[PDB]
């Protein structure tokens, strides 16, 4: 028909449906574990690359600090490049400084106790890294060194192994690490999303209502509180030239 009545809700439905279908395809079509994970990770990266404000980069990377310590391989890193160098780039492979990182996510097919714990360990391998912070020159003078921003951590999946998908067993797993490995938010594309409520100090689950889009908006809103990364002391890295 020729009817035209724009709908904002429909836009958010279509955004989510695209993610859910492509994650489902990645899982069904690729029977090789490496290709299946690469395909699924790429769906989440594309969503963040498309929709996050351009102050954020989203990519697979290793994180390193000025003490020479390295993270594990991080499936989805959200990081700064406006004010931050790469530490190393070789074709498409990148190593980013800890000071550039805003958020880190583990992307896997289905939520489980083992996967939640794995993600907690990945997040901890980043949060343990040392971050420098220098006084910041700007048009109005020099700000004090910015206090270190929280690094957001999370878990991105297509499905849940639990029944109900987002139930007490998922909550138990999330409460397994409330310190260096704490997961601030995550998405189960087929079911809902979760986030840590700092005021109540508990995890909240939200069912349905366009899970990937709801996760994306939660991430944008929480990232706003972080502002920009602190200003890196590249000369701390330079101690390793000799």
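Positions refer to the first chain, counted from 1.
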Requested in this report: Would you determine, from the values in the PDB entry, which of 117-125 and 87-95 has the greater average C-alpha temperature factor?
Outcome: 117-125
**Report entry** 63-71 versus 24-32 - greater average Cα B-factor per the deposited record
**Finding:** 24-32
Report task. Quick one: which of 176, 192, 53, 42 shows the highest Cα temperature factor in the PDB entry? Result -> 176
Report task. Tell me, please, which of 107, 166, 134, 101 has the highest C-alpha B factor according to the deposited entry? Result -> 166
Query raised in the report: Going by what the PDB entry lists, where does residue 216 fall on CA B-factor within its chain: lowest, middle or highest third?
Result: lowest
Query raised in the report: Taking the C-alpha B-factors as the PDB entry records them, is residue 170 in the lowest, middle or highest third of its chain?
Result: highest
Query raised in the report: Going by the entry, which third of its chain does the Cα temperature factor of residue 112 land in?
Result: highest
Query raised in the report: How does residue 154 rank on Cα B-factor within its chain, lowest, middle or highest third?
Result: lowest
Report task. Within this chain's modelled residues, let me know which third the CA B factor of residue 200 belongs to: lowest, middle or highest. Result -> highest
